[PDB]
Structures are given as C-alpha cells and as structure tokens.
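The structure appears below as structure tokens.
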Amino acid sequence: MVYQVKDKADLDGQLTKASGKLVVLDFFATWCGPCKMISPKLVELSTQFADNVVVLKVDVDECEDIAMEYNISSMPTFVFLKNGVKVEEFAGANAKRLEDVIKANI
C-alpha cells in the first residue's frame with residue numbers, strides 16, 4: 001500500500017486523504033543502499049497496518065522541493081505525520097525504530 005508522491009501538490013492531496021490515520025513519509029533515493037535494505041520491511045509494515053497507516057515514498061531526486069521542505073540530509077528519513085502534526089522523525093534504516101515509532105503512534 002506504498003505510494004510514491006509525484007510532487008508537492010500530490011503529497012498535500014495524499015495528506016488530506018489520509019485524514020486521521022498515521023502517515024509515514026519515507027524520504028529515499030534510488031542510489032541509496034540503506035533505503036533499499038529497509039524497503040521490504042517498510043512494505044511489510046504498510047500491509048500489516050493498512051487499516052491504520054498510509055505510507056508515502058518521496059524520491060528526493062524527483063521531488064527536490066519536498067526534500068528541502070522537510071530538510072532531509074540523511075537517508076532514509078522517516079517522517080510521521082498525523083492530522084498535520086509532525087509527530088516523530090528519525091533517519092537511518094533502523095527496522096526496530098521504524099516499527100516502534102509506527103506502533104507508538106497508533
């Protein structure tokens with residue numbers, strides 16, 4: 001249930017559509033090794049929590065405006081939004097942190 005936003009407008013639409021569910025933003029790149037290692041674990045968690053969580057992927061190279069808005073420096077960066085509140089954020093391919101943070105926000 002992972003969807004790649006095409007631009008800022010599309011993200012804003014996806015945010016409003018997600019309503020009160022936890023949104024996980026995965027800031028990634030196609031050249032980023034750790035981003036790909038965590039990819040399968042992310043996909044799993046999105047299916048596992050389909051009825052509570054929306055996972056959006058943001059290719060930093062494609063949506064440079066969004067990466068800049070969220071001040072991405074490290075990759076992957078997971079940003080967690082709930083009703084417009086940026087509730088948590090961390091970076092790195094830390095499977096346990098990713099799972100803990102999701103569960104902590106549902």
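The chains in the structure tokens are called A, B, ... from first to last as shown; in each chain the residues are counted from 1, and the ligands are counted from 1 in the order shown.
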Inset, instruction - Within 12 Å of residue 19 of chain A, counting only C-alpha atoms, which residues show up once you throw out same-chain ones fewer than 5 positions away? Write them as a list in words, please. - result: residues 12, 13, 14, 52, 53, 54, 81, 82, 83, 84 and 85 of chain A
Inset, instruction - Return as a count of residues only the full set of residues in chain A whose backbone-based DSSP assignment is strand (DSSP E or B). - result: 30
Legend entry - Residue contacts of residue 106 of chain A (12 Å, only C-alpha atoms) excluding same-chain residues fewer than 6 positions away, as a PyMOL selection string: chain A and resi 20-24+49-54+80-82+87+99-100
Filtering to N, CA and C atoms, could you give me those residues as a PDB file, in the first residue's frame?
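Result file follows (again24.pdb):
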```
ATOM      1  N   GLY A  20      -7.202  11.065   9.530  1.00  0.00           N
ATOM      2  CA  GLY A  20      -6.728  10.921  10.895  1.00  0.00           C
ATOM      3  C   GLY A  20      -5.756   9.770  11.082  1.00  0.00           C
ATOM      4  N   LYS A  21      -5.473   9.031  10.010  1.00  0.00           N
ATOM      5  CA  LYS A  21      -4.514   7.930  10.063  1.00  0.00           C
ATOM      6  C   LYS A  21      -3.078   8.446  10.154  1.00  0.00           C
ATOM      7  N   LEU A  22      -2.198   7.619  10.708  1.00  0.00           N
ATOM      8  CA  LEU A  22      -0.776   7.938  10.749  1.00  0.00           C
ATOM      9  C   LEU A  22      -0.241   7.888   9.340  1.00  0.00           C
ATOM     10  N   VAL A  23       0.471   8.930   8.947  1.00  0.00           N
ATOM     11  CA  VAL A  23       1.149   8.944   7.660  1.00  0.00           C
ATOM     12  C   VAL A  23       2.629   8.777   7.930  1.00  0.00           C
ATOM     13  N   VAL A  24       3.242   7.789   7.282  1.00  0.00           N
ATOM     14  CA  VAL A  24       4.690   7.607   7.277  1.00  0.00           C
ATOM     15  C   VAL A  24       5.257   8.107   5.949  1.00  0.00           C
ATOM     16  N   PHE A  49      -0.321  -2.784   8.687  1.00  0.00           N
ATOM     17  CA  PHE A  49      -1.117  -1.718   9.293  1.00  0.00           C
ATOM     18  C   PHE A  49      -1.869  -0.901   8.240  1.00  0.00           C
ATOM     19  N   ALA A  50      -2.475  -1.581   7.273  1.00  0.00           N
ATOM     20  CA  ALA A  50      -3.206  -0.913   6.200  1.00  0.00           C
ATOM     21  C   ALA A  50      -4.418  -0.125   6.723  1.00  0.00           C
ATOM     22  N   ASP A  51      -5.103  -0.676   7.724  1.00  0.00           N
ATOM     23  CA  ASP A  51      -6.292  -0.057   8.321  1.00  0.00           C
ATOM     24  C   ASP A  51      -5.971   1.019   9.372  1.00  0.00           C
ATOM     25  N   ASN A  52      -4.707   1.426   9.477  1.00  0.00           N
ATOM     26  CA  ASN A  52      -4.309   2.469  10.429  1.00  0.00           C
ATOM     27  C   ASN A  52      -3.269   3.469   9.907  1.00  0.00           C
ATOM     28  N   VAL A  53      -2.541   3.097   8.852  1.00  0.00           N
ATOM     29  CA  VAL A  53      -1.369   3.834   8.395  1.00  0.00           C
ATOM     30  C   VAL A  53      -1.332   3.962   6.863  1.00  0.00           C
ATOM     31  N   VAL A  54      -0.918   5.131   6.388  1.00  0.00           N
ATOM     32  CA  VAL A  54      -0.659   5.364   4.976  1.00  0.00           C
ATOM     33  C   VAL A  54       0.836   5.634   4.833  1.00  0.00           C
ATOM     34  N   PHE A  80       6.758  11.239  10.356  1.00  0.00           N
ATOM     35  CA  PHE A  80       5.493  10.691  10.789  1.00  0.00           C
ATOM     36  C   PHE A  80       4.554  11.829  11.077  1.00  0.00           C
ATOM     37  N   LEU A  81       3.502  11.911  10.266  1.00  0.00           N
ATOM     38  CA  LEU A  81       2.509  12.975  10.317  1.00  0.00           C
ATOM     39  C   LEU A  81       1.173  12.399  10.725  1.00  0.00           C
ATOM     40  N   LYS A  82       0.474  13.136  11.571  1.00  0.00           N
ATOM     41  CA  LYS A  82      -0.867  12.782  11.986  1.00  0.00           C
ATOM     42  C   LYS A  82      -1.664  14.065  12.073  1.00  0.00           C
ATOM     43  N   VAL A  87       4.655  14.362  14.148  1.00  0.00           N
ATOM     44  CA  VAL A  87       4.708  13.739  15.464  1.00  0.00           C
ATOM     45  C   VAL A  87       6.072  13.128  15.826  1.00  0.00           C
ATOM     46  N   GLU A  99       9.487   0.251  13.254  1.00  0.00           N
ATOM     47  CA  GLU A  99       8.343  -0.477  13.782  1.00  0.00           C
ATOM     48  C   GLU A  99       7.846   0.144  15.092  1.00  0.00           C
ATOM     49  N   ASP A 100       8.764   0.426  16.015  1.00  0.00           N
ATOM     50  CA  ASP A 100       8.413   1.037  17.293  1.00  0.00           C
ATOM     51  C   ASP A 100       7.686   2.366  17.121  1.00  0.00           C
TER      52      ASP A 100
END
```
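Picture a line from atom CA of residue 70 of chain A to atom CA of residue 6 of chain A; it runs 15.8 Å.
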Inset, instruction - Please identify which residues in chain A DSSP calls alpha helix (DSSP H) from the backbone, and express them as a ChimeraX atom specification. - result: /A:8-18,33-48,64-69,95-104
Inset, instruction - Quote the spacing between atom CA of residue 44 of chain A and atom CA of residue 65 of chain A in Å to one decimal place. - result: 28.0 Å
Could you pull the residues within 8 Å of residue 2 of chain A, counting only C-alpha atoms, minus those fewer than 2 positions along the same chain, as a CSV table (one decimal) with N, CA, C and O atoms, in the first residue's frame?
```csv
chain,number,residue,atom,x,y,z
A,4,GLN,N,4.2,6.4,-4.3
A,4,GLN,CA,5.2,7.4,-4.5
A,4,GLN,C,4.5,8.8,-4.9
A,4,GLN,O,3.9,8.8,-5.9
A,43,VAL,N,7.4,-2.0,3.4
A,43,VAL,CA,6.3,-2.6,2.6
A,43,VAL,C,5.5,-3.5,3.5
A,43,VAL,O,4.2,-3.4,3.6
A,46,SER,N,3.4,-1.6,6.1
A,46,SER,CA,2.3,-0.9,5.4
A,46,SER,C,1.1,-1.8,5.2
A,46,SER,O,0.0,-1.4,5.4
A,54,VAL,N,-0.9,5.1,6.4
A,54,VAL,CA,-0.7,5.4,5.0
A,54,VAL,C,0.8,5.6,4.8
A,54,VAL,O,1.4,6.5,5.5
A,55,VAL,N,1.5,4.8,4.0
A,55,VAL,CA,2.9,5.0,3.7
A,55,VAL,C,3.1,5.7,2.4
A,55,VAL,O,2.6,5.2,1.4
A,56,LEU,N,3.8,6.9,2.4
A,56,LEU,CA,4.1,7.6,1.2
A,56,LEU,C,5.6,7.6,1.0
A,56,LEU,O,6.4,7.8,1.9
A,57,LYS,N,6.1,7.3,-0.2
A,57,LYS,CA,7.5,7.4,-0.6
A,57,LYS,C,7.8,8.7,-1.3
A,57,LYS,O,7.0,9.0,-2.2
```
Legend entry - For residue 78 of chain A: contacts at 9 Å, only C-alpha atoms, fewer than 3 positions along chain excluded, given as number ranges by chain: A: 24-27, 75, 88-92, 98
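Between atom CA of residue 39 of chain A and atom CA of residue 10 of chain A lies a distance of 21.5 Å.
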